[PDB]
There are 6 protein chains.
Amino acid sequence: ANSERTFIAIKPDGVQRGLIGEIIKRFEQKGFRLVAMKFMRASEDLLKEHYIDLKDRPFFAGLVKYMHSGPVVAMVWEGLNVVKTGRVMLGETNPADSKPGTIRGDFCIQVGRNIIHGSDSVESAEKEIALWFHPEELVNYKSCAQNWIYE
Amino acid sequence: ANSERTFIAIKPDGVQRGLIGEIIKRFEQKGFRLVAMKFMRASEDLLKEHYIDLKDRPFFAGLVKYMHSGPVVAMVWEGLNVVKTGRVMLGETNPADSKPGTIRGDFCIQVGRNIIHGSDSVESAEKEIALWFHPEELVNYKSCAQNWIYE
Amino acid sequence: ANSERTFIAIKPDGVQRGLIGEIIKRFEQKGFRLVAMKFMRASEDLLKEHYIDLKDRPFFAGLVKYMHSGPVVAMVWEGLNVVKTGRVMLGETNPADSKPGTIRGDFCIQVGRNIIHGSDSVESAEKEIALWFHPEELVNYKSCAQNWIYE
Amino acid sequence: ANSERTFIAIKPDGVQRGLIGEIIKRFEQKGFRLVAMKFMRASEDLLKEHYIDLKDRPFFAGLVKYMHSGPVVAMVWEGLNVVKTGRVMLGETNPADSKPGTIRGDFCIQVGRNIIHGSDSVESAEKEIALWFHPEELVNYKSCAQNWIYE
Amino acid sequence: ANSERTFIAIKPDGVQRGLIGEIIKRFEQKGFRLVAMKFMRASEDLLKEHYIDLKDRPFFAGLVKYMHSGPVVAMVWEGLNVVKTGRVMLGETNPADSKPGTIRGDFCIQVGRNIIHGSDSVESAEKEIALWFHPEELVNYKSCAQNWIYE
Amino acid sequence: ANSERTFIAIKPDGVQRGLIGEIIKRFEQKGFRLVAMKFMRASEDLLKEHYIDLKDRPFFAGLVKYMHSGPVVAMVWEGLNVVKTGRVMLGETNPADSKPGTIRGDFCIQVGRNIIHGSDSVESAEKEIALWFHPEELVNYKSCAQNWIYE
Ligand SMILES: Nc1nc2c(ncn2[C@@H]2O[C@H](COP(=O)(O)OP(=O)(O)O)[C@@H](O)[C@H]2O)c(=O)[nH]1
Ligand SMILES: Nc1nc2c(ncn2[C@@H]2O[C@H](COP(=O)(O)OP(=O)(O)O)[C@@H](O)[C@H]2O)c(=O)[nH]1
Ligand SMILES: Nc1nc2c(ncn2[C@@H]2O[C@H](COP(=O)(O)OP(=O)(O)O)[C@@H](O)[C@H]2O)c(=O)[nH]1
Ligand SMILES: Nc1nc2c(ncn2[C@@H]2O[C@H](COP(=O)(O)OP(=O)(O)O)[C@@H](O)[C@H]2O)c(=O)[nH]1
Ligand SMILES: Nc1nc2c(ncn2[C@@H]2O[C@H](COP(=O)(O)OP(=O)(O)O)[C@@H](O)[C@H]2O)c(=O)[nH]1
Ligand SMILES: Nc1nc2c(ncn2[C@@H]2O[C@H](COP(=O)(O)OP(=O)(O)O)[C@@H](O)[C@H]2O)c(=O)[nH]1
């Protein structure tokens, strides 16, 4: 449970606006373990499979267009309930309901524009991960504060 | 509604406790547009002009007085929904009902000493706008990353 | 009640994990006054004395042994509502239930490691307060801004 | 001397790249007073005037145009040695030479865009203040902490 | 010489204009360990017995006075060379010639209100230590990150 | 020269001590471009090859192993003068000679644990880039603020 993982990617806006050091910031202070991460451009292919379940809903292609227009940071975070906790850490997908203190609350205003992405479920989490990252990609180490964070 | 504007002014107590950089930075990083700004001391008739609705109310002149005791930072901000979002940002007029994360929540204790104020309505917005500034103090320009905030 | 005081100790985990400054600051910038502060390793007897009402819980022994593992930072903070406002500042006891922007909410994850302690109640405040420090360790001073803070 | 002042302007670039709040807080937390401050599109004549010691510089006119490009933030700050100290604040003129800690060190890279301008002599100082600001635009007040800053 | 401890005291001005947090934080983040710490109003003799080496000098009793005008934060920190570095950390005694990025650089203006003090030597540092704390107030623990600090 | 590039890697020690968002963040506000990054553990022979030179120097062996003991953040950054400006932002190889305001200065103390590495030549830059990156791993975009960062 304490090993639960999630997939975090900072969208193209986040990277254009200078948010990566910030965003990351928030996860490492939270006490979470950066399992993996890589900066890159997403292929249309990728995205669509990513967003496969969305395939239909109007924004879709724009969405794909957009994810495609710039680089992103893809990463994987490990921890107790990272999935649900980080979700929270990020705010409501529509920045307008995100409160302050949260990724989107603090940093942004429009949904299309929401600078970041998080796995809504541990499933989404697994698929997502595996889809983004080969397995040997995903590092395994122990944080010194482990036993400070973890009971 | 992406042009929306509200009247944000930091109170002499924000001013005095050294909360201006912080506060504008809030707006800055959420991506709203600073339209106008001017550090000034306020006229009693202007306040008065402004605090108009609370005209009597037991705190009324205690207020006015206070609001007049120091210089303030008057500003105009713009963005999709800034009025409402701003509010949010600010917190709950009553700093005890303001959650951490938000300005008041973050840095102040009582409602008398509330560090800032914000248009609570659009119509409201403008009036204060019109009221506090001369339609020529309002700079029309675009953000460099507007395309990153807006689709 | 602007001289309500409260007791806040920064557990061994908040120590080991460097949040001694982050934590204090929050206090400082809100508008509280630090009253007494001390860095020590609480004895067990102290410990038990402390956490007396949970004398019964399954985790009790547990509590106490970690709380004695390392140094803590005890402190008295006074201000208007200190007590109850210091807790919203803290967030949920269970770092998972605790929003962003709060201390827990932002820097920790398990309730067995939830880095800070806050009095829940004025009398507990009282109680702890006394249980932790002799009467004359509590410094008395006024704040220069105190009247920027308080009306 | 501790009532010496200097003229602080934030370049359109500082305005573009959101460093308003940040640069402001720099002063605030250093211990300087905000005498005055407003957001404006400077004019070309003001400009030329404002930058006459440079009337015969390859850049000039480019220097103009650029500064005329967007709005800026004009500010006057007072304090003991504001003028000079303010300048170490800034860093060098050429961001390349600017140490980290400084405003130019920290946020910028090129001379042709170095977000900020500091007065370099008290004369220059008042000269510019003169030039920019309407005496009635200069704030008379006292920090609740003046005591705490000054001996 | 990694268990070299130095005495760092934040002055009435530190305490007054909220930099106790900020201050403790810088030391945190550089990886020194907080051995002892206590919020206490000094005692004229102690002040005396301390600033004994500048018994005569202009200031002196000006110094003593001030340093007792409020409480102070007493601290002991450990780390390889903490002293020298602490100093460095601190700034040049004189707010005047202290670079940005140092304690003083960033938050203070005159040598009269120099928000904190730190040992300037070992020999010194001990004398102060002895002098401001009883032995048992000296917290020995092992930081987790320590071997991440030290090879 | 606006396209120069450097190799920045954050060492395991910096990763163990949550200083990644901070480290990146330093690069991002200055306004330098993130060109490639990935999280990962380095291969012995990746490392021996990277420190190839000081193949002899006593430290070599310990260096290796250390570097190998946990994951790193490997990056590439582009901007006018990134290589030189990038070192200056890092500071002195020896944290002890590092100034406050700099990454090491601020964040670490012993050479052996210096948390990060920056390209010392532009050759080295390009060389180090090789070793470490597959050319296709070099993303290419244009920051929306470049024109504000550069003339
Ligand atoms: N432009 C635009 N994008 C949207 C809209 N609704 C959702 N999206 C995008 O689709 C992403 C994923 O949709 P959803 O899963 O429902 O949110 P997520 O689970 O947080 O990924 C959101 O984060 C948005 O960036 C919309 O109405 N307009
Ligand atoms: N002393 C005092 N001032 C108050 C009280 N309620 C409101 N105010 C002040 O009057 C301001 C305006 O209140 P309100 O109309 O609720 O907010 P606005 O419409 O956003 O300015 C508040 O932000 C406070 O500064 C009160 O109970 N006591
Ligand atoms: N391991 C563990 N510790 C707990 C649990 N519930 C509470 N505690 C711990 O003991 C302290 C006292 O608990 P409680 O009275 O609920 O929390 P409070 O409202 O923060 O003081 C908490 O701050 C926790 O560190 C639990 O279910 N398990
Ligand atoms: N393009 C360009 N602008 C320069 C150069 N030198 C100075 N300036 C610009 O004109 C301003 C005024 O120059 P000067 O008075 O030396 O510098 P200041 O008084 O230190 O900051 C600088 O802040 C730059 O923006 C140069 O070589 N090229
Ligand atoms: N008012 C005043 N205080 C001074 C002066 N020089 C030094 N002091 C004070 O005395 C303290 C100690 O003297 P010194 O050893 O020279 O300071 P250090 O370098 O902290 O140890 C300083 O921190 C100052 O607050 C001076 O010219 N005027
Ligand atoms: N233990 C130890 N490590 C050192 C020493 N000198 C350098 N190193 C380590 O090896 C690295 C590379 O040294 P060097 O090539 O001179 O520095 P670079 O090329 O400027 O950054 C540094 O990051 C240090 O951690 C030393 O004297 N002792």
Side-chain angles (χ1 to χ4, degrees), chain C residues 8-43 66-79 103 107 113 115 132-134 136-146 148-149, chain E residues 8 10-43 66-79 89 103 107 113 132-146 148-149:
Chain C
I8 297 245
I10 297 182
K11 310 134 148 254
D13 54 319
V15 171
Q16 277 282 1
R17 280 193 70 209
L19 306 145
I20 291 174
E22 250 329 298
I23 288 194
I24 287 179
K25 182 195 281 238
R26 299 291 211 99
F27 267 123
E28 300 173 294
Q29 30 166 211
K30 181 22 159 183
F32 291 129
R33 151 200 89 76
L34 206 204
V35 173
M37 186 166 50
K38 160 176 44 177
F39 184 68
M40 41 148 187
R41 211 171 231 144
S43 61
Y66 159 62
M67 291 290 243
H68 178 48
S69 305
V72 295
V73 163
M75 259 153 320
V76 187
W77 291 81
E78 125 226 297
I103 270 112
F107 298 106
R113 303 263 123 149
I115 40 151
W132 288 75
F133 301 101
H134 315 305
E136 13 92 16
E137 252 184 354
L138 296 58
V139 176
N140 249 69
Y141 72 99
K142 266 307 90 247
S143 23
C144 58
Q146 142 130 29
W148 277 133
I149 289 159
Chain E
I8 302 290
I10 281 159
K11 314 158 157 197
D13 35 337
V15 180
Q16 288 281 336
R17 323 169 35 215
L19 325 172
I20 293 173
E22 279 306 333
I23 309 188
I24 294 161
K25 158 181 138 103
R26 299 234 168 179
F27 275 82
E28 267 186 315
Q29 85 202 178
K30 165 89 169 180
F32 276 141
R33 202 168 47 92
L34 241 183
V35 171
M37 162 159 75
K38 121 188 117 174
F39 194 26
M40 58 149 131
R41 188 175 248 122
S43 85
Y66 166 39
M67 295 289 268
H68 163 139
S69 24
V72 282
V73 171
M75 272 151 316
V76 193
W77 281 96
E78 179 202 52
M89 291 196 54
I103 305 262
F107 304 111
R113 319 283 159 110
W132 308 52
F133 289 94
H134 309 268
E136 352 106 3
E137 311 190 67
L138 269 20
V139 193
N140 41 326
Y141 57 110
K142 278 304 203 111
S143 156
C144 42
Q146 78 139 87
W148 284 106
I149 282 137

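Just so we're on the same page: letters track the sequence lines, and every chain starts at 1. The basis for the numbers below is simple: all heavy atoms, side chains too, and nothing from hydrogens, waters or symmetry mates.
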Quiz item: Taking E/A36, E/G31, E/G18, E/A74 one by one, which has the highest count of heavy-atom pairs under 4.5 Å against chain C?
Solution: E/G18

Self-check item: Ring center gap for C/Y141 and E/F39 short of 6.0 angstrom
Solution: yes

Exercise. Kindly check if the number of other-residue, nucleotide or ligand heavy atoms within 6.0 Å of NZ (C/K142) is above 12?
Key: yes

Practice problem: Look at C/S69, C/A145, C/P71 and state which one has the largest set of heavy-atom pairs under 4.5 Å with chain E. | Solution: C/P71

Exercise. Could you have a look at C/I20, C/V139, C/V15 and say which one has the most heavy-atom pairs with chain E under 4.5 angstrom?
Key: C/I20

Quiz item: Where on C/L19 is there a heavy atom nearer than 4.5 Å to chain E: the side chain, the backbone, both, or neither?
Solution: backbone

Exercise. Sort E/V35 into side chain, backbone, both or neither according to what part of it lies under 4.5 angstrom from a heavy atom of chain C.
Key: backbone

Quiz item: Under a 4.5 Å heavy-atom cut-off, does chain C meet the side chain of E/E136, its backbone, both or neither?
Solution: neither

Quiz prompt | Candidate pair E/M37 and C/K38, rule side chain to side chain contact (heavy atoms under 4.5 Å, CB included), full reasoning | solution = CA-CA 6 Å; E/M37 162 159 75; C/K38 160 176 44 177; over 6 Å; no

Exercise. Evaluate the side-chain proximity of C/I24 to E/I24: yes if any heavy-atom separation is below 4.5 Å, no if none is.
Key: yes

Quiz item: Under a 4.5 Å cut-off applied to non-hydrogen side-chain atoms, are E/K25 and C/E22 in contact?
Solution: yes

Self-check item: side chain to side chain contact (heavy atoms under 4.5 Å, CB included) evaluation trace for C/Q16 with E/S143
Solution: CA-CA 6 Å; C/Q16 277 282 1; E/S143 156; 3.9 Å; yes

